[PDB]
Amino acid sequence: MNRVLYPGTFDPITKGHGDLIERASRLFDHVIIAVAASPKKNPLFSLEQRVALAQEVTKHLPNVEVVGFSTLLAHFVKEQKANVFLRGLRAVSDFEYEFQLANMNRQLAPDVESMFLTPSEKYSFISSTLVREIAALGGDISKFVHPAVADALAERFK
Amino acid sequence: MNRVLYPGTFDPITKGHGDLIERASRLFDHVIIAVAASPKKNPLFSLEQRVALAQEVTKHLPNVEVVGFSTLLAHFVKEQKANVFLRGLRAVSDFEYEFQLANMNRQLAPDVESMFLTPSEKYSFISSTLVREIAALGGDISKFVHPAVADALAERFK
Amino acid sequence: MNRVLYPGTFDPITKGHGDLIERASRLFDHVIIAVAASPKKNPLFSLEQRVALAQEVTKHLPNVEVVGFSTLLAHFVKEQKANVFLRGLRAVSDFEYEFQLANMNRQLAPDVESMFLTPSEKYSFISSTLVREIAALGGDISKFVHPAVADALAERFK
Amino acid sequence: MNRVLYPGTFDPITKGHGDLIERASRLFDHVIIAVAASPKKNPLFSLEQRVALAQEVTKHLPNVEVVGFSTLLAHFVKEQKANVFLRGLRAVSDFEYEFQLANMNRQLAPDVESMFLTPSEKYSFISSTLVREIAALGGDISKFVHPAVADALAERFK
Amino acid sequence: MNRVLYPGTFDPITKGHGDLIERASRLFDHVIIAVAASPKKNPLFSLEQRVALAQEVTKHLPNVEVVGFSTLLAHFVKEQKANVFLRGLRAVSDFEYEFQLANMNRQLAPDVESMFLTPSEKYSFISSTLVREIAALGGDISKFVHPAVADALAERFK
Amino acid sequence: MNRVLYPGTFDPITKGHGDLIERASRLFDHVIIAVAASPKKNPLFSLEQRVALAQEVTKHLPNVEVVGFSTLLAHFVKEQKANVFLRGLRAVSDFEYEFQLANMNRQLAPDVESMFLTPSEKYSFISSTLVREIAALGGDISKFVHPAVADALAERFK
């Protein structure tokens, strides 16, 4: 079978990410949401809290587990025994940066293939960075993230 | 009537912004230059001086108003009773970020329309970030910005 | 006043065009849909039927007029006394062609301003070319175009 | 089950396609190379000959089948009972057409998921159109296509 | 010394192309304007007439010669004993197609390096295709091409 | 004369840069690798150490000199009496920043021409930022950078 690994910051996890997991859960027999620590980017939520948010959003999917890791992505995919990388591609991404990451990871872990999916047309154009800025200014983010994610973001700025 | 709101950092305001304001004043009955504080990017000039610079550059246009705001753009455009967003289109810039911002602003303020303009070929490829870097190294920036902006930047790095 | 001219082939007119006309009617006092003949690309529908389709789709909007023209766009916009060009912005499309066309039109008609709009996320990624190809193979195109356009395309390939 | 369908013109099939089929064969239990007729593009090789070329290039893979079709891709994928669309992304593809095709196919066949793969850096930047132009001028195309394709192209233009 | 080869259709040659030749003539000791026949694209002007136009535009440059060729570009650069390919890069080009051409030509002629230049900001966004369409509709093309090129285009449509 | 100036951060220098310097050495009589200080980017290696790394990678080329500078690029190129700017384009670069930098540098130093080269397909998609992130996590970066750079990065994060 195929065990897909979905790595990302997930700070926070949005409906664009969630729609990708919904499509990935129907496709693969096992989906691993690999929440990366990434302490150099200064995430708003901690690695511990980001894992709990991704679990609440994906608690309805049986073959989906969320794990936090602070090691190299190329080494962690071997430790998780996953053979497929998963990244999202919408009309608002990093087409340049996404190819360098997929190509350089193919040199570190040639057994792991990097495939890309596209979210729904309604949940594209939704970035986690703009979600935090709107949440920091008291904006309504019910359209971009799960209701549980909106609770953490609302509580984070009080 | 049409009351357009042109939001941005304007740190500093350049001839690309000025040409965009010149075209916006000819089209709409009232142009509001909404200078955002944006403390997370560490602006070179303060919000007060960026408003004063945009007023000096646009003092010859009667239907142009400059205001500084530090709140959410979706809330501030409603308080100004503006129904049109204005954003600039050059080379490629962040074609992704411009689409995600316009779409996410359409979810917070669906009544406010996001339109885009393109400056003249003479004032394209002029970014506010590169103006500060050349000014920090003592370079001649009289060609890229208004004479008043060149004075403030010269006073900033001497 | 503001009299916007929306030029294009409209072969056929899609929901992406329709959403753009809906937003243009709310903003400007008069919208002119300038349907171009464009015989070099070999359009599927004639200029007469493309005008009739755009009139049927926009018959509910009072400030919208549909006209067919086979002359230069720069000459026709002057004859219609329009001062604003209107073009659509989706995914990426021909970001190059849109800039060269807007700039070269600014050399032929500098008094006519070229502004760009973006349709809703629901009607983006909808091209007139792919609508004809799916219609030619008997596909269901009720989701992409107006019901009247689906009738003409169905009559075209049966 | 996972039965992937790889549609394309394959006129002719190149080493960029071949590396994509080899990576798709490692992931899925069955790979279907769906060679489209596309008579409107005026293909260099016929639909029958394009299928025979793709069979020779992929004759070493047991779980790979090549079929030719001249109907709608959404109807043919339903007839093949395939649940995965496959398209290639080499950072020099048609991100515009690829996103419009995947999204509009999601309206015709929502049960079929559109995923994208990336070939190796050595086999990227290889387009079937430029292979025909170099072959038409007597150029050496042994590096871009399979040896069997090089024989057909050499026989085609000599 | 360096003998640069500037290949292209030049149908017709524009001021964007001319500005590239002006910069190339100051840089290299010898500039060869290689006008390609390209009969499959159906050029407006013949290969014989396109050579005469490029000679009239560049008659003021001593180290610039215009030649017409109907063979492979990779073979013709060896026959011309040129070691540098030259292509233009503006904010309106074919960033995808330009890399495939430069990379695949590096496999056919590894001794010939493909370098890229950028024209002036005023002469960017000027394509030969839009020049012919505007000329075919009686438009004023004095801004895009040399006065001699405007004479041929005006005489061509009478 | 032709004295090319190759500016960049080189933090660290990669194989994509190295292939670009080897191709630049074949063309010009003298290649100057201008390592910029750039203290605002917080480089991993110091300006002195980045110059020493570029010297070891290019020690086999006689006509290549590496110098460090902390002034404006337009002022330093005048002090070096160089007439050619050199930047790399691998279809995954920063076409936005690269065009804005080349055009605005043409206002500061019009006598200095900005040309672009493309590295091999094997050494494209290699960014200095991703090399540091993989090295910081103990990853194998022997394939992306020179062996001397691999020793420094291994000593830097071990």
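Observations, loosely collected:
Should a chain be cited, it is by its letter among A, B, C, D, E and F, assigned in written order, with residues numbered from 1 in that chain.
Heads up, the rule we're going with is that contacts are C-beta pairs under 8 Å (C-beta built on N, C-alpha and C of every residue); 3 or more make two chains touch, one makes a residue touch a chain.
Protein identities per chain, from UniProt: A, B, C, D, E, F = Phosphopantetheine adenylyltransferase.
Among the remaining chains, those touching chain C and also chain D are A, E. Just one of E-F, C-D or D-F has an interface built like that of A-C, with over half of its contact pairs in common by residue number: D-F.
Looking at which of A-D and D-F shares more C-beta pairs in contact, the answer is the pair A-D.
Distance between chain centres (mean CA atoms), chain A to chain B: 33 Å. With centres defined as mean CA coordinates, chain E is found 47 Å away from chain A. Chain centres here are Cα means. That of chain B falls 38 Å from that of chain E. Each of residues 91-92, 95, 99, 103, 121, 125 in chain F touches at least two other chains. For chain B in complex with chain E, the touching residues are 90-92, 121-122, 124-125. Only residues 40, 71-72, 74-75, 96-97, 99-101, 103-104, 107-108 of chain B touch chain A when the two sit together in their complex. Every residue of chain A that touches chain B in the complex is listed here, in rising order: 91-94, 124-127, 130, 133-134, 137-140, 143-144.
Residues of chain C that touch chain B in their complex: 2, 23, 26-27, 84, 89, 92, 95, 99, 102-103, 106, 113-118, 120-121.
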